[PDB]
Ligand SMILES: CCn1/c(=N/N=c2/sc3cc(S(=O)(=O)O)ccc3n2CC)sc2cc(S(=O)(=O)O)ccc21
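First comes one chain, alone, set out as structure tokens in the form solved without the ligand.
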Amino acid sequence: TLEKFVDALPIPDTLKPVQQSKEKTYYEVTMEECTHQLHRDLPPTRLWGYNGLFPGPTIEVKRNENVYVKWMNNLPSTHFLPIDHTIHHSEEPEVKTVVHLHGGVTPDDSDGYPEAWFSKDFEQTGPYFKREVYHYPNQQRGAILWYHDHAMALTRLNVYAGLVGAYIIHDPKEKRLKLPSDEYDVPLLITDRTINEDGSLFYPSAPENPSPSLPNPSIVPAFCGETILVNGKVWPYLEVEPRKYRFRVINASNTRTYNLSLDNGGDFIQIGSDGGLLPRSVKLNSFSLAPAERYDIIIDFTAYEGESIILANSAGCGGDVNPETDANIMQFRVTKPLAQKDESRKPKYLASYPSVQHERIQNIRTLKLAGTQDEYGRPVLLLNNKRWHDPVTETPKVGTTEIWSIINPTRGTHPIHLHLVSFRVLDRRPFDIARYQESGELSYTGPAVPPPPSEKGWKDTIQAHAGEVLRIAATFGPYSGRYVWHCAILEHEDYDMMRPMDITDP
């Protein structure tokens, strides 16, 4: 297996507009079969990429920039990854695609609804499709967003194939904080993969111990890659200057949760969560990062000139972490000479607090993380006992604020994500699990615990741990329409831990 730290980290180019005016910015991105080398010692890999790139081009926008992206499909009619035709019921094309701007404050027909998919040149289109050219008005806080495929029953596959990319919102009012910028502001999209000797992607076509019950192919409830990539390279190194850098850390992995640290025991400074700048910077030695979460951090290399510091990982996936493989993410080498004085800062005071506003509670939704079992013996994961196709039940009123109480009686954590909104985190609290499943009755086995400082700002994707109740608060708006919410573990999302979320007007 593969030598760590032999390839330089790619930094995806910033996409140039096809057309741009003071009034609007117009982009085109076309999904393409392409080939790229993921490691010095691998034959080139066949992948699917936005504009033929893996990752996709980084998109950079200003707050309130009036942006249009025409997302196009120029992919083969047949997939190269194992499709399990038994998981959702229809004839439709095999390959369907739709692009979701994760974290985007987006009108509903531009949010990438799972059933607004389209095939090559939009020849066929799912029943919720309305438009070719998506509109992102970016009337939101500066933040790290990312874009990826969201097609019904295909998300885990189309993302694994390479359909991911970063999208950054710059709010000019933050410039005065003098945070590291430009070359010193670098996205890190982390994706675990398993790669065959011939260089092709491997994604499992059935679980461990294929019971000869199951279909072929069969969806699996979890995927753990043998290798870790950052920005499309296996275990890369990045040469940095001895100074402060900002990194936009994005977990673009299907299932895997990371728990990140530096091997010299040095510290990160977190300045931002999914929803933007935290009110105050937080010094951390480590942090958890589940699928779809984003951490905006500063790493201060000033005193570590000449050193090699590994970005390490302690969280296992399907087993204890292996020191020689998945315990490693990437390696910094502090050997780039300074291009100029480091005029960047690491302030304490970042932004006005979340409860700067008084909201009033319209509704309290109690939501259970559960899971029946299917025809073939496989676990099916469900939000509050509903399938995706059942009539909508999460129906908040535009303009109003709800508390959502997520109850997780399962043995694992679920990163729950809501489209459109970001939200504050209130608390987590433990409970009698056997009692909850035996009777449907909820008894707390300890006090409510507030979030850690990492989670005191704005979030859109949030870890709900086993045996706990998580409470979040969201004001739903500013758009009304048809959106979704789901577990961000893609293997779960596709079967069937995803439900519609209607935000109503009258």
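Each residue number is its position in the shown sequence, starting from 1.
Visitor: Indicate whether the chain is continuous between residue 90 and residue 91 or, if not, how many deposited residues are absent from the coordinates: none, 1 to 3, 4 to 9, or 10 or more.
Guide: In the deposited sequence, 4 to 9 residues between these two have no coordinates.
Visitor: Going by the average Cα B-factor in the PDB entry, point out whether 43-51 or 434-442 comes out higher.
Guide: Looking at the recorded C-alpha B-factors, 434-442 comes out higher on average.
Visitor: Please work out which of 129-137 and 220-228 has the higher mean CA B-factor as recorded in the PDB entry.
Guide: Looking at the recorded C-alpha B-factors, 220-228 comes out higher on average.
Visitor: What's the residue among 246, 102, 368, 336 with the greatest CA temperature factor in the PDB record?
Guide: Top of the list by C-alpha B-factor: 368.
Visitor: Return the residue from 305, 293, 208, 108 that has the highest Cα B-factor in the entry.
Guide: Each of 305, 293, 208, 108 was compared by C-alpha B-factor; the highest is 208.
Visitor: Taking the values exactly as deposited, rank residue 462 by C-alpha B-factor within its chain and report the matching third: lowest, middle or highest.
Guide: Middle third.
Visitor: Is the Cα B-factor recorded for residue 477 in the lowest, middle or highest third of its chain?
Guide: Middle third, going by the recorded CA B-factors of the chain.
Visitor: Sorting the chain's CA B-factors, does residue 36 end up in the lowest, middle or highest third?
Guide: Residue 36: CA B-factor falls in the middle third of its chain.
Visitor: Going by the entry, which third of its chain does the Cα temperature factor of residue 289 land in?
Guide: It belongs to the lowest third of the chain when residues are ordered by C-alpha B-factor.
Visitor: Going by the recorded CA B-factors, say which third of the chain residue 353 sits in, lowest, middle or highest.
Guide: For residue 353, the deposited C-alpha B-factor lands in the highest third.
Same protein, other form: the form deposited with the ligand bound, not shown, and the subject of what follows.
Visitor: So which stretch, 263-271, 171-179, 385-393, 310-318, is the one near the ligand in the entry with it bound (non-hydrogen atoms, 4.5 Å)?
Guide: Of the stretches listed, the one contacting the partner is 310-318.
Visitor: Give a yes/no on whether residue 381 approaches the ligand to within 4.5 Å in the entry with it bound, heavy atoms considered.
Guide: Taking the distances in the entry with it bound, the answer for residue 381 is yes, it comes within 4.5 Å of the ligand.
Visitor: Hey, in the entry with it bound, does residue 156 get a heavy atom within 4.5 angstroms of the ligand?
Guide: Taking the distances in the entry with it bound, the answer for residue 156 is no, it never comes within 4.5 Å of the ligand.
Visitor: Would residue 222 count as touching the ligand in the entry with it bound under a 4.5 Å heavy atom rule?
Guide: Although the ligand is absent here, residue 222 would touch it in the entry with it bound, with heavy atoms inside 4.5 Å.
Visitor: Given that the ligand is not shown alongside this chain, does residue 255 nevertheless sit within 4.5 Å of it in the entry with it bound, heavy atom to heavy atom?
Guide: So residue 255 counts as contacting the ligand.
Visitor: With the ligand left out of view, which of 399, 210, 412, 215 would have a heavy atom within 4.5 Å of it in the entry with it bound?
Guide: Flagged contact: 412.
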